[PDB]
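Undergrad: I have a structure here, written as structure tokens, and I will follow up with some questions on it.
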Amino acid sequence: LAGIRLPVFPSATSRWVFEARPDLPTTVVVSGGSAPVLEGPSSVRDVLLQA
Amino acid sequence: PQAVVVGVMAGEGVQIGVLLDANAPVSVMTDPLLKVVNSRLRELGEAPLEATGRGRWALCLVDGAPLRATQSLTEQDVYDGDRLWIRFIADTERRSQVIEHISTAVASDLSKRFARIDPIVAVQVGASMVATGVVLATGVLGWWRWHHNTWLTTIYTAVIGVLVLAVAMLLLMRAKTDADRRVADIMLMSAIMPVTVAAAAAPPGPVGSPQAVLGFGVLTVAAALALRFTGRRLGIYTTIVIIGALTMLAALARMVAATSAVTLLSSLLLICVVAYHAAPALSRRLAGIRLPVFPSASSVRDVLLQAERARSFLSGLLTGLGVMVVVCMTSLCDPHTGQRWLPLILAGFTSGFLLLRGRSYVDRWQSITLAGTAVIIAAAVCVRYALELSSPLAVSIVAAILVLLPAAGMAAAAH
Amino acid sequence: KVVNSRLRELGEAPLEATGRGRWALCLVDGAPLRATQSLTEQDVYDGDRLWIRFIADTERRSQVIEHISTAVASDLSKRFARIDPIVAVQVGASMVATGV
Amino acid sequence: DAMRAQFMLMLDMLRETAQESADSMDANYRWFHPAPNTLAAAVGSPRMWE
Amino acid sequence: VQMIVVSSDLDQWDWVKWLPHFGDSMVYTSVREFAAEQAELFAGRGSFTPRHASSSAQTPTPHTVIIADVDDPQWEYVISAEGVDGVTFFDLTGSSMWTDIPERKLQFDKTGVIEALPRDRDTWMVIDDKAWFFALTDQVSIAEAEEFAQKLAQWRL
């Protein structure tokens, strides 16, 4: 119900790439302290709300 | 209007009076202001303020909220005579942390945000469970006395009082901490109920006026005795003493001789009406009684202890009077006896008095309990006139009345 | 003179005051500087900030200090005080909710 | 499933080892390159013109 | 380190007055003006040469930083000669002569995210020809700048 999604399996049709280009970081904002900041990838941040 | 005088708080607690420029932006003043306080601390011979690692100097309200660096002191809600705080705020910048596998991620994050069960809390649960168990036991034991005149109720309840009080005494003597005291207090308060009904059930024959005199008496005594030796939970014990005391006066009168309950009910209501004015004095004199000491927070200690004790007595006293008025008021009005409209309007004006009087006390809970005491009476009267003398108009009208009553006040205040 | 001259070039009104008193330099807290001593005698260096002020005869300054723990003063400001409108709104909402 | 369970446990311990090393770099880099807004208060410290 | 500014919008650089790093034994309106006073000293010798930590002990101590805010075409003399060692230029105009080299260009998105070519942490050398995400911008106001400069202006050797 909370949408926790278990990882998807590769279906045995491709080899593993040990080092693809890393995942892009995400930014956050606050109105009064208008200076933006960054803290991490989208796939990871959601889990903290999901739990 | 070019400058304003304010008291500034500095390191470890020194307060210094300063006259600030009313229109320059606050960020321009924070730097030279720090210099001045250091000069005074050095002349005083104290250690000057110093930075620690990474952070910045800020000027905040005593609540800690920082002032906007670009705004002028006059632009903000700062007036001459106010007080401010200069403070050092550390840097929060740091590396982030990621976890790749969702199961481990869930466990790690979730265990920091919440507190798990432990042996300290476990005991309070058990103590509360046994307390509920015994109040149910007296409930069933008390109900039997209403159909049978045998000695069973007093005999059985007596042993319960002894057993519960016995455990409570040991806990009270061996106690060391607030948690332990919570457990002990819960157990002790639970002993009052069985001991009380054990006595009131002893006089044989059908239940009535003669039995009432014993019950409310010992109850009042028990609460007073516990309050005298314990010195904790002042408010609740105070409330029990008041309802027990006033009920005992009526019971004795009713037991000896009383022409009607209406006479007694009217008398109590009148006493309570004047008692509200006496409540602040009672609290104030009661605070002088000598009983042990346990704080909720060298000469200052005595003043604060006295202040919180007095405040505590007032809330309980106010509560006890509130309980009595609603019981009496709802019993006094009637939809069939004579001028049915006379007590309704009288109750309204009586409610208005408390509704207005709530403003005389600054305390949040004290003002709220007073306010709440008025609202409940109005609703209760409508319910009485809705159950009895029942008809479509009455219920329809009572619903309209009850829904509009609070709505008008809230809307006028919030919009 | 140069400050008033510069203010006029900016289109700002020059420094002026009425009543018995005098013009002198002051610190951010309003304390005036010594009239007979060098800026080198005083603790002044490049980049410091100063104010020009009119010292009226009516001027009075506290010049007194006191000690009380800041950690407690800050807590006591919220630990117990008078009621707030936001709370009244929440209670009001609860009352009307109780009514329906 | 037992091999799977054991395998997962071995991976967790490498995670912990990597994390401590990362904190040491953050501390060291921050120790030499603070955020620009904090530089004013540090002017008197010996870290200036270092 | 010593710093020089060549700019037409002098109102933006007014705060520079307090800093010591801009002094001499110094803001210019054009390359022709800068050429008469400053270039006579610096144009005398050298060209750029990427250095390294061990080599740092040999390069001369006063490193010079120059800020470009004028877009004068007269700069071609130093740009076509591939600069000089011990100097560094920042182009605030985005002129075509500076803008024709990806290995030296920083691009800003509407969100303040900067893009550039990837560089190696150990040698700082460029490792690829395609531009990518680089850093989130940090910035300070003129007031903050003058406030910091005044605090710095308090000290001397």
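Labels for the structure tokens follow display order: chains A, B, ..., residues from 1 in each chain, ligands from 1.
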What are the residues of chain D that have an atom within 7 Å of an atom of chain B, counting only C-alpha atoms, as a short mmCIF file (atom, residue, chain, number, x, y, z; two decimals) with N, CA and C atoms, in the first residue's frame?
TA:
data_model
loop_
_atom_site.label_atom_id
_atom_site.label_comp_id
_atom_site.auth_asym_id
_atom_site.auth_seq_id
_atom_site.Cartn_x
_atom_site.Cartn_y
_atom_site.Cartn_z
N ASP D 26 35.48 14.32 3.92
CA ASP D 26 34.61 15.47 4.15
C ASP D 26 35.23 16.39 5.19
N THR D 38 30.65 31.73 6.02
CA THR D 38 31.33 31.58 7.31
C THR D 38 32.71 32.23 7.37
N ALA D 41 33.59 35.56 10.02
CA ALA D 41 33.88 35.29 11.44
C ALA D 41 35.24 34.65 11.66
#
Undergrad: What are the closest atom pairs, with distances in Å to one decimal, for all residues of chain C lying within 10 Å of chain B? Consider only C-alpha atoms, order rows by chain and residue number, and present the result as a tab-separated table.
TA:
residue	atom	partner	partner_atom	distance
C:27	CA	B:32	CA	8.0
C:28	CA	B:20	CA	6.4
C:29	CA	B:19	CA	4.8
C:30	CA	B:19	CA	5.5
C:31	CA	B:19	CA	8.4
C:48	CA	B:32	CA	8.1
C:49	CA	B:32	CA	7.3
C:50	CA	B:32	CA	9.0
C:51	CA	B:21	CA	9.0
C:53	CA	B:2	CA	9.7
C:61	CA	B:17	CA	8.4
C:62	CA	B:17	CA	6.4
C:63	CA	B:17	CA	7.0
C:64	CA	B:16	CA	6.9
C:65	CA	B:16	CA	5.2
C:66	CA	B:15	CA	5.3
C:67	CA	B:14	CA	4.5
C:68	CA	B:13	CA	4.8
C:69	CA	B:13	CA	4.4
C:70	CA	B:13	CA	4.7
C:71	CA	B:13	CA	8.0
C:72	CA	B:13	CA	9.3
C:73	CA	B:62	CA	7.6
C:74	CA	B:62	CA	5.4
C:75	CA	B:63	CA	7.6
C:76	CA	B:63	CA	9.3
C:77	CA	B:63	CA	6.7
C:78	CA	B:63	CA	7.7
C:80	CA	B:363	CA	8.1
C:81	CA	B:363	CA	7.0
C:82	CA	B:362	CA	5.5
C:83	CA	B:364	CA	5.6
C:84	CA	B:364	CA	8.9
C:85	CA	B:414	CA	8.7
C:86	CA	B:414	CA	9.1
C:87	CA	B:364	CA	9.6
C:88	CA	B:413	CA	8.6
C:89	CA	B:414	CA	6.4
C:90	CA	B:410	CA	9.6
C:91	CA	B:410	CA	9.0
C:92	CA	B:410	CA	5.3
C:93	CA	B:410	CA	7.1
C:94	CA	B:406	CA	9.7
C:95	CA	B:406	CA	6.4
C:96	CA	B:406	CA	5.2
C:97	CA	B:403	CA	8.9
C:98	CA	B:403	CA	8.9
C:99	CA	B:403	CA	5.3
C:100	CA	B:403	CA	5.7
Undergrad: Let's see if you can do this: from backbone DSSP, list all alpha helix (DSSP H) residues in stretch 88-156 of chain E, as JSON, numbers by chain.
TA: {"E": [96, 97, 98, 99, 142, 143, 144, 145, 146, 147, 148, 149, 150, 151, 152, 153]}
Undergrad: I need the chosen residues saved as a PDB file, in the first residue's frame, with C-alpha atoms.
TA:
ATOM      1  CA  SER E  96      33.925  34.857 -29.095  1.00  0.00           C
ATOM      2  CA  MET E  97      37.724  34.858 -28.684  1.00  0.00           C
ATOM      3  CA  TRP E  98      37.394  33.395 -25.178  1.00  0.00           C
ATOM      4  CA  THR E  99      34.244  31.387 -25.989  1.00  0.00           C
ATOM      5  CA  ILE E 142      27.748  43.320  -2.748  1.00  0.00           C
ATOM      6  CA  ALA E 143      26.899  44.249   0.862  1.00  0.00           C
ATOM      7  CA  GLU E 144      28.334  40.972   2.096  1.00  0.00           C
ATOM      8  CA  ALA E 145      31.370  41.573  -0.121  1.00  0.00           C
ATOM      9  CA  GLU E 146      32.004  45.046   1.309  1.00  0.00           C
ATOM     10  CA  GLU E 147      31.325  43.725   4.826  1.00  0.00           C
ATOM     11  CA  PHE E 148      33.964  40.993   4.423  1.00  0.00           C
ATOM     12  CA  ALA E 149      36.452  43.386   2.788  1.00  0.00           C
ATOM     13  CA  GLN E 150      36.153  45.886   5.641  1.00  0.00           C
ATOM     14  CA  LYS E 151      36.877  43.083   8.132  1.00  0.00           C
ATOM     15  CA  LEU E 152      39.905  42.060   6.032  1.00  0.00           C
ATOM     16  CA  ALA E 153      40.959  45.706   5.661  1.00  0.00           C
TER      17      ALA E 153
END
Undergrad: Which of these residues is nearest to chain E, using only C-alpha atoms: C:19, C:58, C:79, C:46?
TA: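 Ranked by minimum distance to chain E, first place goes to C:46.
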Undergrad: Please build the interface table for chain D against chain E with a cut-off of 9 Å, listing for each qualifying residue the nearest atom pair and the distance in Å to one decimal; count only C-alpha atoms, order rows by chain and increasing number, and write it as a Markdown table.
TA:
| residue | atom | partner | partner_atom | distance |
| --- | --- | --- | --- | --- |
| D:35 | CA | E:138 | CA | 8.6 |
| D:36 | CA | E:138 | CA | 7.9 |
| D:37 | CA | E:140 | CA | 7.7 |
| D:39 | CA | E:148 | CA | 8.0 |
| D:40 | CA | E:148 | CA | 5.6 |
| D:41 | CA | E:151 | CA | 9.0 |
| D:43 | CA | E:152 | CA | 6.8 |
Undergrad: Quick one: write out the picked residues with N, CA and C atoms as a tab-separated table (two decimals), in the first residue's frame?
TA:
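File produced: part26.tsv:
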chain	number	residue	atom	x	y	z
D	35	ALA	N	32.35	27.02	3.66
D	35	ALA	CA	31.35	27.76	2.90
D	35	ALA	C	31.62	29.26	2.98
D	36	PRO	N	31.43	29.99	1.88
D	36	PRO	CA	31.79	31.42	1.82
D	36	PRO	C	31.19	32.33	2.88
D	37	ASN	N	29.97	32.07	3.31
D	37	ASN	CA	29.32	32.91	4.33
D	37	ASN	C	29.98	32.83	5.70
D	39	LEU	N	33.26	32.66	6.24
D	39	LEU	CA	34.62	33.22	6.16
D	39	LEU	C	34.83	34.50	6.98
D	40	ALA	N	33.81	35.35	7.10
D	40	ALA	CA	33.96	36.61	7.84
D	40	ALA	C	34.33	36.42	9.32
D	41	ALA	N	33.59	35.56	10.02
D	41	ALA	CA	33.88	35.29	11.44
D	41	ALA	C	35.24	34.65	11.66
D	43	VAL	N	38.03	35.47	10.13
D	43	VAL	CA	39.10	36.42	9.80
D	43	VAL	C	40.20	36.49	10.87
Undergrad: Within 12 Å of chain A, which residues belong to chain E? Use only C-alpha atoms and report them as a list in words.
TA: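 Listing them in order of chain and number gives residues 111, 112, 113, 118, 132, 133, 134, 135, 136, 137, 138, 139, 140 and 141 of chain E.
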Undergrad: Skipping near chain neighbours, those fewer than 3 positions away, what residues fall within 10 Å of residue B:198 using only C-alpha atoms, listed as a PyMOL selection string?
TA: chain B and resi 138+141-142+152-161+193-195+201-202+214-215
Undergrad: If DSSP is run on the backbone, what residues of stretch 6-45 of chain A are strand (DSSP E or B)? A reply as a list in words would be ideal.
TA: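 Residues of stretch 6-45 of chain A classed as strand (DSSP E or B): residues 26, 27, 28, 37, 38, 39 and 40 of chain A.
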Undergrad: Could you write those residues out with N, CA, C and O atoms, as a compact mmCIF listing (two decimals), in the first residue's frame?
TA:
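For reference, out.txt as written:
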# COMPACT_ATOMS: atom_id res chain seq x y z
N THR A 26 19.81 15.60 -7.00
CA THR A 26 18.63 16.48 -6.98
C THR A 26 18.76 17.63 -5.98
O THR A 26 19.30 17.47 -4.88
N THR A 27 18.24 18.80 -6.38
CA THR A 27 18.21 20.05 -5.63
C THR A 27 16.91 20.27 -4.83
O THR A 27 15.86 19.70 -5.13
N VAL A 28 17.01 21.10 -3.79
CA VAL A 28 15.90 21.46 -2.91
C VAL A 28 15.93 22.97 -2.63
O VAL A 28 16.97 23.62 -2.75
N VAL A 37 19.96 24.21 -2.22
CA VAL A 37 20.96 23.23 -1.79
C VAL A 37 20.64 21.90 -2.48
O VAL A 37 19.53 21.70 -2.99
N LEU A 38 21.61 20.98 -2.51
CA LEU A 38 21.43 19.66 -3.10
C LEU A 38 21.68 18.57 -2.05
O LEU A 38 22.46 18.76 -1.13
N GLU A 39 20.99 17.41 -2.19
CA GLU A 39 21.21 16.35 -1.20
C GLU A 39 21.25 14.90 -1.71
O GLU A 39 21.68 14.05 -0.93
N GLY A 40 20.84 14.57 -2.94
CA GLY A 40 20.93 13.18 -3.38
C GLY A 40 20.02 12.74 -4.52
O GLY A 40 19.19 13.52 -5.01
Undergrad: Tell me the residues of chain A close to chain B, meaning within 9 Å using only C-alpha atoms, as an MDAnalysis selection string.
TA: chainID A and resid 4:7 39:41 44:45 47:48 50:51
Undergrad: Emit the selected residues as an mmCIF file, in the first residue's frame, including N, CA, C and O atoms.
TA:
data_model
loop_
_atom_site.group_PDB
_atom_site.id
_atom_site.type_symbol
_atom_site.label_atom_id
_atom_site.label_comp_id
_atom_site.auth_asym_id
_atom_site.auth_seq_id
_atom_site.Cartn_x
_atom_site.Cartn_y
_atom_site.Cartn_z
ATOM 1 N N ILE A 4 6.161 0.515 -1.575
ATOM 2 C CA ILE A 4 7.532 0.036 -1.549
ATOM 3 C C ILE A 4 7.670 -0.878 -2.758
ATOM 4 O O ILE A 4 6.943 -1.871 -2.877
ATOM 5 N N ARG A 5 8.593 -0.553 -3.666
ATOM 6 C CA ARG A 5 8.780 -1.333 -4.887
ATOM 7 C C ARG A 5 10.048 -2.177 -4.834
ATOM 8 O O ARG A 5 11.152 -1.639 -4.715
ATOM 9 N N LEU A 6 9.887 -3.490 -4.934
ATOM 10 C CA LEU A 6 11.027 -4.384 -4.951
ATOM 11 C C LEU A 6 11.783 -4.294 -6.283
ATOM 12 O O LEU A 6 11.174 -4.100 -7.334
ATOM 13 N N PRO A 7 13.108 -4.430 -6.263
ATOM 14 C CA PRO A 7 13.910 -4.306 -7.489
ATOM 15 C C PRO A 7 13.525 -5.293 -8.594
ATOM 16 O O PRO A 7 13.226 -6.460 -8.339
ATOM 17 N N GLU A 39 20.991 17.413 -2.187
ATOM 18 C CA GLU A 39 21.213 16.351 -1.201
ATOM 19 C C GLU A 39 21.249 14.904 -1.706
ATOM 20 O O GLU A 39 21.680 14.052 -0.927
ATOM 21 N N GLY A 40 20.840 14.565 -2.937
ATOM 22 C CA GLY A 40 20.929 13.181 -3.378
ATOM 23 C C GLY A 40 20.016 12.743 -4.517
ATOM 24 O O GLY A 40 19.195 13.517 -5.010
ATOM 25 N N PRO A 41 20.168 11.492 -4.973
ATOM 26 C CA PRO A 41 19.318 10.971 -6.053
ATOM 27 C C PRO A 41 17.872 10.696 -5.641
ATOM 28 O O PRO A 41 17.575 10.301 -4.512
ATOM 29 N N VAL A 44 16.641 7.301 -4.084
ATOM 30 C CA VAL A 44 16.996 7.112 -2.680
ATOM 31 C C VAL A 44 16.177 7.994 -1.733
ATOM 32 O O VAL A 44 15.721 7.527 -0.687
ATOM 33 N N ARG A 45 15.950 9.258 -2.072
ATOM 34 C CA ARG A 45 15.223 10.169 -1.186
ATOM 35 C C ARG A 45 13.795 9.702 -0.892
ATOM 36 O O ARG A 45 13.294 9.893 0.219
ATOM 37 N N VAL A 47 12.523 6.723 -0.402
ATOM 38 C CA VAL A 47 12.440 5.700 0.637
ATOM 39 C C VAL A 47 12.264 6.308 2.027
ATOM 40 O O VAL A 47 11.524 5.767 2.857
ATOM 41 N N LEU A 48 12.898 7.446 2.303
ATOM 42 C CA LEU A 48 12.773 8.052 3.633
ATOM 43 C C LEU A 48 11.347 8.497 3.930
ATOM 44 O O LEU A 48 10.954 8.562 5.097
ATOM 45 N N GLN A 50 8.732 6.894 2.267
ATOM 46 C CA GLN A 50 7.998 5.645 2.105
ATOM 47 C C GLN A 50 7.932 4.850 3.405
ATOM 48 O O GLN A 50 6.873 4.321 3.769
ATOM 49 N N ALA A 51 9.033 4.777 4.137
ATOM 50 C CA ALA A 51 9.056 4.001 5.372
ATOM 51 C C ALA A 51 8.118 4.533 6.453
ATOM 52 O O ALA A 51 7.361 3.759 7.048
#
Undergrad: I need the residue nearest residue B:320 from this list: B:336, B:89, B:27, B:243. Use only C-alpha atoms for the distance.
TA: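 Result for the nearest residue to residue B:320: B:243.
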Undergrad: Just to confirm, what's the straight-line distance from atom CA of residue C:54 to atom CA of residue B:38 in Å (one decimal)?
TA: 25.9 Å
